[PDB]
file data-v7.pdb (PDB, C-alpha atoms and all ligand atoms)
ATOM      1  CA  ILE A   1     -10.580  -4.113   0.321
ATOM      2  CA  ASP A   2      -9.963  -1.183   2.662
ATOM      3  CA  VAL A   3      -6.568  -0.870   4.262
ATOM      4  CA  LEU A   4      -5.987   1.595   7.101
ATOM      5  CA  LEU A   5      -2.812   3.664   7.037
ATOM      6  CA  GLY A   6      -2.023   3.700  10.740
ATOM      7  CA  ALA A   7      -3.920   1.561  13.254
ATOM      8  CA  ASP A   8      -6.698   2.805  15.498
ATOM      9  CA  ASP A   9      -4.249   2.753  18.442
ATOM     10  CA  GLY A  10      -1.753   4.963  16.557
ATOM     11  CA  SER A  11       0.583   2.105  15.560
ATOM     12  CA  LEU A  12       2.492   2.756  12.279
ATOM     13  CA  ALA A  13       1.033  -0.182  10.433
ATOM     14  CA  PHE A  14      -1.087  -1.089   7.431
ATOM     15  CA  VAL A  15      -4.253  -2.783   8.710
ATOM     16  CA  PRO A  16      -4.388  -5.423   7.331
ATOM     17  CA  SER A  17      -0.790  -5.725   6.237
ATOM     18  CA  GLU A  18      -0.857  -9.188   4.613
ATOM     19  CA  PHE A  19      -3.832 -10.071   2.441
ATOM     20  CA  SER A  20      -4.921 -11.695  -0.782
ATOM     21  CA  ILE A  21      -7.123 -10.387  -3.564
ATOM     22  CA  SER A  22      -8.308 -11.517  -6.931
ATOM     23  CA  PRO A  23      -7.202  -9.256 -10.343
ATOM     24  CA  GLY A  24      -9.052  -5.985 -10.761
ATOM     25  CA  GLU A  25     -10.347  -5.819  -7.020
ATOM     26  CA  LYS A  26      -9.998  -2.296  -5.546
ATOM     27  CA  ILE A  27      -7.471  -1.706  -2.723
ATOM     28  CA  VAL A  28      -8.333   1.558  -0.966
ATOM     29  CA  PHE A  29      -5.538   2.696   1.349
ATOM     30  CA  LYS A  30      -7.021   5.248   3.753
ATOM     31  CA  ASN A  31      -5.188   7.673   6.023
ATOM     32  CA  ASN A  32      -6.174   6.790   9.592
ATOM     33  CA  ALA A  33      -3.554   7.704  12.178
ATOM     34  CA  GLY A  34       0.013   8.902  12.197
ATOM     35  CA  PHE A  35      -0.251  10.462   8.731
ATOM     36  CA  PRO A  36       1.253  11.657   6.453
ATOM     37  CA  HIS A  37       1.743   8.244   4.859
ATOM     38  CA  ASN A  38       2.295   6.813   1.430
ATOM     39  CA  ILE A  39       2.153   3.389  -0.431
ATOM     40  CA  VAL A  40       5.097   2.372  -2.486
ATOM     41  CA  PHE A  41       5.408  -1.013  -4.125
ATOM     42  CA  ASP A  42       8.915  -2.384  -3.962
ATOM     43  CA  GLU A  43      10.061  -2.513  -7.640
ATOM     44  CA  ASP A  44      12.243  -5.589  -6.831
ATOM     45  CA  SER A  45       9.442  -7.452  -5.023
ATOM     46  CA  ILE A  46       6.489  -7.475  -7.406
ATOM     47  CA  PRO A  47       5.558  -9.836 -10.294
ATOM     48  CA  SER A  48       7.540 -10.175 -13.464
ATOM     49  CA  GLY A  49       7.186  -7.274 -15.807
ATOM     50  CA  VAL A  50       4.832  -5.174 -13.647
ATOM     51  CA  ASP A  51       5.453  -1.417 -13.793
ATOM     52  CA  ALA A  52       5.620  -0.330 -10.151
ATOM     53  CA  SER A  53       4.821   3.258 -11.204
ATOM     54  CA  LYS A  54       1.433   2.259 -12.397
ATOM     55  CA  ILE A  55       0.406   0.970  -8.951
ATOM     56  CA  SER A  56       2.442   3.064  -6.545
ATOM     57  CA  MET A  57       2.764   6.461  -5.075
ATOM     58  CA  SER A  58       6.260   7.810  -5.544
ATOM     59  CA  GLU A  59       8.291   7.908  -2.382
ATOM     60  CA  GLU A  60       8.091  11.762  -2.402
ATOM     61  CA  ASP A  61       4.296  11.794  -2.709
ATOM     62  CA  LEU A  62       2.244  11.867   0.511
ATOM     63  CA  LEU A  63      -1.370  11.473   1.673
ATOM     64  CA  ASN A  64      -1.550  14.378   4.076
ATOM     65  CA  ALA A  65      -4.920  14.423   5.762
ATOM     66  CA  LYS A  66      -7.100  12.070   7.676
ATOM     67  CA  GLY A  67      -9.391  10.113   5.354
ATOM     68  CA  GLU A  68      -7.384  10.777   2.202
ATOM     69  CA  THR A  69      -7.007   7.690   0.057
ATOM     70  CA  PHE A  70      -4.862   6.057  -2.576
ATOM     71  CA  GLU A  71      -6.751   3.356  -4.705
ATOM     72  CA  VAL A  72      -5.155   0.825  -6.774
ATOM     73  CA  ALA A  73      -6.266  -2.331  -8.439
ATOM     74  CA  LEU A  74      -3.714  -4.993  -9.251
ATOM     75  CA  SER A  75      -3.908  -7.303 -12.285
ATOM     76  CA  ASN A  76      -1.060  -9.707 -12.572
ATOM     77  CA  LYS A  77      -0.961 -12.670 -10.231
ATOM     78  CA  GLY A  78       1.725 -13.124  -7.613
ATOM     79  CA  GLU A  79       3.192 -11.455  -4.541
ATOM     80  CA  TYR A  80       3.559  -7.727  -4.162
ATOM     81  CA  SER A  81       5.551  -6.227  -1.301
ATOM     82  CA  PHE A  82       4.889  -2.607  -0.377
ATOM     83  CA  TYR A  83       5.799  -0.074   2.260
ATOM     84  CA  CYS A  84       5.216   3.432   3.537
ATOM     85  CA  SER A  85       8.371   5.381   2.647
ATOM     86  CA  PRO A  86       8.713   7.619   5.753
ATOM     87  CA  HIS A  87       7.740   4.837   8.183
ATOM     88  CA  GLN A  88       9.299   1.775   6.551
ATOM     89  CA  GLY A  89      11.964   1.277   9.283
ATOM     90  CA  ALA A  90       9.234   1.596  11.987
ATOM     91  CA  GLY A  91       7.757  -1.536  10.341
ATOM     92  CA  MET A  92       5.024  -0.001   8.151
ATOM     93  CA  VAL A  93       5.226  -2.618   5.396
ATOM     94  CA  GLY A  94       2.919  -5.183   3.864
ATOM     95  CA  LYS A  95       2.462  -7.836   1.181
ATOM     96  CA  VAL A  96      -0.578  -8.458  -1.004
ATOM     97  CA  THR A  97      -0.966 -11.676  -3.008
ATOM     98  CA  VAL A  98      -2.994 -11.550  -6.194
ATOM     99  CA  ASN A  99      -4.427 -14.994  -6.737
TER     100      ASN A  99
HETATM  101 CU    CU B   1       3.185   5.571   6.921
END
call {"tool": "encode", "arguments": {"input": "data-v7.pdb", "output": "structure tokens"}}
result
Amino acid sequence: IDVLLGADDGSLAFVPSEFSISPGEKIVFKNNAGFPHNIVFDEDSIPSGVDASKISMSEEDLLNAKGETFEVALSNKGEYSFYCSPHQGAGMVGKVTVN
């Protein structure tokens, strides 16, 4: 599943921001507009026992250039909330459900 980092109109959003997937399916987060961006899973809002570091950028890490990507596949079922660190308050957040 491809997820744009920044919408095509410049909005500071993941597109899509809420979506499902099945275990092992690639998520490719791609810098689109308004970069730098990053993808951080919220360590308090992911499934029991999941290591957020295995699936996240750190908050200090950035994707700098247009078209740069961060790929992650999730395994464990349940809800995972994530955000872009520098743009979280602007509303650049999302939630993926592994089902
Ligand atoms: Cu961002």
call {"tool": "resolve_selection", "arguments": {"input": "data-v7.pdb", "expression": "the PyMOL selection byres (((chain A and resi 32) around 10) and not hetatm)", "output": "PyMOL selection string"}}
result
chain A and resi 3-10+12+14-15+29-31+33-37+65-69
call {"tool": "resolve_selection", "arguments": {"input": "data-v7.pdb", "expression": "the PyMOL selection byres (((chain A and resi 39-52) around 9) and not hetatm)", "output": "list in words"}}
result
residues 5, 29, 37, 38, 53, 54, 55, 56, 57, 58, 59, 61, 62, 70, 76, 77, 78, 79, 80, 81, 82, 83, 84, 85 and 93 of chain A
call {"tool": "residues_near_point", "arguments": {"input": "data-v7.pdb", "point": "(-6.5, -10.3, 1.8)", "cutoff": "8 Å", "atoms": "only C-alpha atoms", "output": "PyMOL selection string"}}
result
chain A and resi 1+16+18-21+96-97
call {"tool": "axis_aligned_box", "arguments": {"input": "data-v7.pdb", "around": "segment 36-41 of chain A", "padding_each_side": "5 Å", "output": "AutoDock Vina command-line options"}}
result
--center_x 3.3 --center_y 5.3 --center_z 1.2 --size_x 14.2 --size_y 22.7 --size_z 20.6
call {"tool": "closest_residue", "arguments": {"input": "data-v7.pdb", "among": "A:17, A:75, A:11, A:64", "to": "residue 98 of chain A", "atoms": "only C-alpha atoms"}}
result
A:75
call {"tool": "closest_residue", "arguments": {"input": "data-v7.pdb", "among": "A:60, A:13, A:86, A:71", "to": "residue 28 of chain A", "atoms": "only C-alpha atoms"}}
result
A:71
call {"tool": "atom_distance", "arguments": {"input": "data-v7.pdb", "atom1": "atom CA of residue 25 of chain A", "atom2": "atom CA of residue 94 of chain A"}}
result
17.2 Å
call {"tool": "closest_residue", "arguments": {"input": "data-v7.pdb", "among": "A:74, A:99, A:26, A:90", "to": "ligand CU 1 (chain B)", "atoms": "all atoms listed in the file"}}
result
A:90
call {"tool": "closest_residue", "arguments": {"input": "data-v7.pdb", "among": "A:72, A:22, A:63, A:95", "to": "ligand CU 1 (chain B)", "atoms": "only C-alpha atoms and all ligand atoms"}}
result
A:63
